[PDB]
Protein chains: 2
Amino acid sequence: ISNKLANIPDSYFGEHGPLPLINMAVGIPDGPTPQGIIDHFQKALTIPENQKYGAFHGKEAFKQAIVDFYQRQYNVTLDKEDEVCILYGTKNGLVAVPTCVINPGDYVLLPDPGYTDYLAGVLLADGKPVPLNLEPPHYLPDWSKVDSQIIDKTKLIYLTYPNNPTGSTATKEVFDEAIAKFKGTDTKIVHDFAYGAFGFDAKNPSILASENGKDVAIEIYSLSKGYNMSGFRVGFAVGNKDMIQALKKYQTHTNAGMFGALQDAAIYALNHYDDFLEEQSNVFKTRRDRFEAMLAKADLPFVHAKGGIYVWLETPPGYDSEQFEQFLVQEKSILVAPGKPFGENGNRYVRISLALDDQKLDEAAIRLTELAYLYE
Amino acid sequence: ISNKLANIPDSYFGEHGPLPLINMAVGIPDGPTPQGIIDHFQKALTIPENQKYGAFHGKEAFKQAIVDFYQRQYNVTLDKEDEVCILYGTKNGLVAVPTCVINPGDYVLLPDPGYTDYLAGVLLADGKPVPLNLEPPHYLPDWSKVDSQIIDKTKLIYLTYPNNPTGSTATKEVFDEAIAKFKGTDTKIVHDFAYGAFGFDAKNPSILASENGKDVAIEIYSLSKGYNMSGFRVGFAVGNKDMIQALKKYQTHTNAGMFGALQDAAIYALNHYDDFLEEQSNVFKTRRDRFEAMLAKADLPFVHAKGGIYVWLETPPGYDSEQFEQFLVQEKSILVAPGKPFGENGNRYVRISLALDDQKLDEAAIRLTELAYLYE
Ligand SMILES: *Cc1c(COP(=O)(O)O)cnc(C)c1O
Ligand SMILES: *Cc1c(COP(=O)(O)O)cnc(C)c1O
């Protein structure tokens, strides 16, 4: 094995107690792909151009469905050539960014608590990952608290709103502040918008809808959660021309274009399923309302979720995230995601996925409320 | 842009004269995906597990279809966990290998003339690419002619039989020699078996069917050309456990598993289409026979193709590969692949794809034979 790869901690998500298992460690809604997307994929398989190698950077109709989506969704004007890069699932693009953008020894700020997969990308590019310390209840950056020396050396920053695992959301103004802090520096921003569709009390803002957003940032959007297409492996990067062009160049070397039929299904999804995205957000909103109501009534301490598909729950005293994870699976047959892999600041929380039977979730709630005595 | 990415020469394949255009610069057969593979993909889209995230390293049935294929095809016994890694199209896996296997400053031997895409992988891993000089008519390695100092420093070697662009084939014995040369050294081999199905006068051998093959090498196999599934993006690596495990680890960080429905279509292909692979080889065999007959009769100098889908044609005196490429498109409306991007040793050849209408190919032949006067 190479030294570079040896450095990389295993993908943390790469047995149960007596009770029937409830797996609340799941990303991703439980629902099927809308039938219309399925029907169009089925049809796209019979198309001669779809069976064969195509243009590396994607169909014109795909690039166009992307800019159209961003325009009517976020009033963001994008150029199809300069400001759009199709991704083979967003994980692939997110982990590619540092290789494309930074040089050995460059500092990269990573949200703590934040998403697990970024670290690998930084390490694959010989960068130096440094935590962006986010604090409850709202987990927003505090740029004045980042060491002045680190800010100066930072060439890339990941942001994630809605945040995985904390469910925290951003506003136009918090993006304004980030952009103003780093415009005219060599620091760029990657905003991971995987949960863009899931905004409970307010539609989540794009970083690119903030004035000057494209000057500092790209935004990465996934079809996985919004459209129940997680297994399909399709997303896109949008924004800063320089960053987009570097990604595009990287993908001409590591890939030979996206499956044409997958592109057509993606086009169909983006063009026709705005209402469904709304439906998805609403379904998780109430799922959240019911689950957090159960928790609050039994005085279990949690951080209220503002978007995404999870609740960020405190561990009780005398349990860390991994001890509480093992407790819940052993005693309660509830699988949760421990806060630890999400960063140091996740040490005393667990992540709970609401992406299961609107049924199951109720039994899981009653199971958890029984543990109220642990929090005294 | 990052320094690392800036180093990488553009993907060379990332206007016409008066005559109707014949594009002989194409990889990939012209035929459709067999209907049976299509039907099973269509059906696989409706399967709940296929629409969602699955196991990173692939379905058991896929791992099993791979080992079964290798067993009945090449009498090679493989372990499903230890010796099989599914690839998102082989290009992705081929370019990943150096990142997984070598360290900065390690030498990697690349076939000259050989495939275009390897160089990027080496450079992405900060390795030092060095040409493996192959000579006509047979383009086989001569290990005694590699500088003793280079061999000692080499940690990885790419081999490609059938070779792209030269169409050269290997034998069990040439693999025996390679394995004996590097067994017990820290040099590993990656054999690119993209044209495994296309063996004209003899079935192409696996490097893993040679005694001790798995001790030094992995072999990478693609469904693109064999099964007319080039746009689908599916292949696999097979062999050396250490190398396979490094690739598998790399793919847990850069990916989240292969589309389940794509896996099912791939399973179906591997399990049921041995005869079709034979058919494909035979179709290109005769296409080659007819085209090379035309060339030989008019005394146009070429290297006889033994496998793959191309003919490797000499440029006439006073034209290099790029000048001859421009000549053919301008004057003859024939697009060819210039030898140059395939290496220094391709400077005075062009690559001609037989992957077009069994019709077209005849007109392209007569167009080319008219140029016999240039070779005097
Ligand atoms: C889901 C997830 C991803 C990965 O999404 P894919 O497009 O399916 O690879 C990236 N970032 C966050 C925050 C996620 O939750
Ligand atoms: C076709 C080609 C590849 C790429 O194959 P994919 O699986 O479609 O990415 C790799 N090596 C050689 C020699 C090729 O001709």
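Values reported hereafter were calculated over all heavy atoms of this structure, with side chains retained and with hydrogens, waters and symmetry mates removed. Note on naming: letters A, B, ... go to the chains in the order of the sequence lines (proteins, then strands), and numbering restarts at 1 for each one. First listed ligand is number 1; within each ligand, the first listed atom is number 1.
- The shortest N or O to N or O distance between B/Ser224 and ligand 2 is under 3.5 Å.
- At a heavy-atom distance under 4.0 Å, atoms from both the backbone and the side chain of B/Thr90 approach ligand 2.
- Within the 4.5 Å cutoff, side-chain heavy atoms of B/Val238 are placed close to those of B/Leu208.
- A tilted orientation is assigned to the rings of B/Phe13 and B/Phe342, their planes being inclined by 30° to 60°.
- Checked by atom type and distance alone, the side chain of A/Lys91 pairs as donor or acceptor with a backbone atom of B/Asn255 at under 3.5 Å.
- Between B/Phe198 and B/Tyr195, the angle of the ring planes goes over 60°, which puts this pair in the perpendicular group of the 30/60° scheme.
- Below 4.0 Å from some heavy atom of B/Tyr53 lie the following atoms of ligand 1, by number and element: 1 (C), 4 (C), 5 (O), 6 (P), 8 (O).
- Aromatic ring centroids of B/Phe236 and B/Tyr88 lie 6.0 Å or more apart.
- Closest protein heavy atom to atom 3 (C) of ligand 2: B/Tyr115 OH, 3.4 Å.
- Between A/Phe175 and A/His191, the gap from one ring centroid to the other is short of 6.0 Å.
- If you check which protein heavy atom lies closest to atom 2 (C) of ligand 2, you get B/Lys225 NZ, 3.0 Å.
- If you number the atoms of ligand 2 from 1 as listed, the ones under 4.0 Å from a heavy atom of B/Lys91 come out as 9 (O).
- The only member of B/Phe193, B/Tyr139, B/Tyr118 that meets side chain to side chain contact (heavy atoms under 4.5 Å, CB included) when paired with B/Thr160 is B/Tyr118.
- Between A/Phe69 and A/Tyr221, the distance from one ring center to the other falls under 6.0 angstrom.
- Heavy atoms of B/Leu94 found under 4.0 angstrom from ligand 2 belong exclusively to the side chain.
- Residue B/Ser222 holds the heavy atom nearest to atom 7 (O) of ligand 2 of all those in B/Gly226, B/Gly235, B/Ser222.
- From the protein, the heavy atom lying nearest to atom 11 (N) of ligand 2 is B/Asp192 OD2, 2.5 Å.
- The closest protein non-hydrogen atom to atom 9 (O) of ligand 2 is B/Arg233 NH2, 2.6 Å.
- For the pair A/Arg351 and A/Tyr310, the cation-pi criterion (under 6.0 Å, within 45° of the ring axis) is fulfilled.
- Contact atoms of ligand 1 toward A/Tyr195: 15 (O) (distance under 4.0 Å to a heavy atom of the residue).
- Counting heavy atoms closer than 4.0 Å to ligand 2, residue B/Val234 contributes nothing at all.
- Within the listing of ligand 2, atoms 13 (C) sit less than 4.0 angstrom from a heavy atom of B/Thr160.
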